[PDB]
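Beneath this line is the structure, given in structure tokens, with notes to follow.
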Amino acid sequence: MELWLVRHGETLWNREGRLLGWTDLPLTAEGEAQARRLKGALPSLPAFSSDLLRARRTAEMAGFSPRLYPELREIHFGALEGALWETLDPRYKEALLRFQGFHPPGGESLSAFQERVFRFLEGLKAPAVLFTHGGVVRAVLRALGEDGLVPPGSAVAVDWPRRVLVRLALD
């Protein structure tokens, strides 16, 4: 199934290097610009989006009117929301790097996060564009055997659940 996953435009915590999950930050000026550039670069397909501001706003500026689904939200970092990556305990950095065994206090485990994301994707019965977050895109890319790192305001098209089709980044 052809699915286009879009990572929302940048927020302040991107440059700051802080874990950004359910904290509802707005897009930066550049983030809005990144979103605008997506308009005309994404196919005209039904759209879905994380209900968090940065995602919804990216969808809007990209020319879409997506249906909102909390299932497309970034992982909930719980007590680690806003934590500087730099000062993250080595155990947490390792869990996030290897994408396994991560369960922050008051948050969501990486296993539950994957279950949520994949169950949502499994329910899509036709091609669509999904405005989401870096962690969601990474979960999908990793599950497809590829490095899940893509810049803010960039997109990746995949044939779920078989392979990555293309990665799109604009300057």
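Does region 20-30 contain any residue that is in contact (Cβ under 8 Å) with a residue 40 or more places away in the chain, in a loop (DSSP other than H, G, I, E, B) and closer than 15 Å to residue 152 by Cα?
yes
Residue under question is residue 5, and the condition is that it be part of a strand (DSSP E or B) and within 13 Å of residue 134 (Cβ to Cβ); does it hold?
yes
Quick one: what pairs do we get from region 89-102, first residue within 19 Å of residue 141 (Cβ to Cβ), second among the charged types (D, E, K, R), C-beta under 8 Å, 6+ apart or different chains?
Every condition considered, the pairs that remain are 99/138; 99/142.
Scan region 146-157 for residues that are farther than 22 Å from residue 27 by Cβ and touching a strand residue (DSSP E or B) at 6+ places or on another chain (Cβ under 8 Å) and jot them down.
Correct list: 146, 157.
Any residue in region 105-114 that is of a type in the set (A, V, I, L, M) and touching a residue at least 40 places away in the same chain (Cβ under 8 Å)?
no
Could you check region 156-168 and list, in sequence order, the residues that are in a loop (DSSP other than H, G, I, E, B) and surrounded by 14 or more Cβ atoms within 10 Å (Cβ to Cβ)?
Of everything in region 156-168, just one residue is in a loop (DSSP other than H, G, I, E, B) and surrounded by 14 or more Cβ atoms within 10 Å (Cβ to Cβ), namely 160.
Could you grab me the full set of residues in region 86-99 that are surrounded by 13 or more Cβ atoms within 10 Å (Cβ to Cβ) and either touching a strand residue (DSSP E or B) at 6+ places or on another chain (Cβ under 7 Å) or not acidic (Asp, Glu) (or both)?
Hits for region 86-99 are 88, 92, 93, 95, 96, 99.
Exactly one condition in (1) surrounded by 15 or more Cβ atoms within 10 Å (Cβ to Cβ); (2) free of Cβ contacts under 8 Å to residues at least 60 places away in the same chain; (3) in a helix (DSSP H, G or I) is not met by residue 35; state its number.
(2)
Which condition number in (1) free of Cβ contacts under 8 Å to residues at least 24 places away in the same chain; (2) surrounded by 14 or more Cβ atoms within 10 Å (Cβ to Cβ); (3) among the aliphatic types (A, V, I, L, M) is the one that residue 83 fails?
It fails just one condition, (1).
Would you say residue 117 is touching a helix residue (DSSP H, G or I) at 6+ places or on another chain (Cβ under 6 Å), closer than 24 Å to residue 61 by Cβ and not acidic (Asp, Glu)?
So residue 117 fits the description; yes.
Return the residues of region 38-68 that are part of a loop (DSSP other than H, G, I, E, B) and either buried (at least 18 other Cβ atoms within 10 Å of the Cβ) or polar (S, T, N, Q) (or both); say none if nothing qualifies.
42, 44, 50, 52, 62, 64, 65, 66
Sort out which residues of region 102-137 are of a type outside the set (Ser, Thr, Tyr), assigned to a loop (DSSP other than H, G, I, E, B) and surrounded by fewer than 19 Cβ atoms within 10 Å (Cβ to Cβ), and write them in order of number.
Residues satisfying the conditions are 103, 105, 106, 123, 124, 125, 126, 127.
Look at region 138-154 and say how many of its residues are without any contact (Cβ under 8 Å) to a residue 60 or more places away in the chain, out of contact with any helix residue (DSSP H, G or I) (no Cβ under 8 Å at 6 or more places or on another chain) and part of a loop (DSSP other than H, G, I, E, B).
Count: 3.
Backbone-built Cβ (ideal geometry, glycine too); neighbour counts: all protein chains shown. FYI, it's all coordinate maths here, none of it is from the lab.
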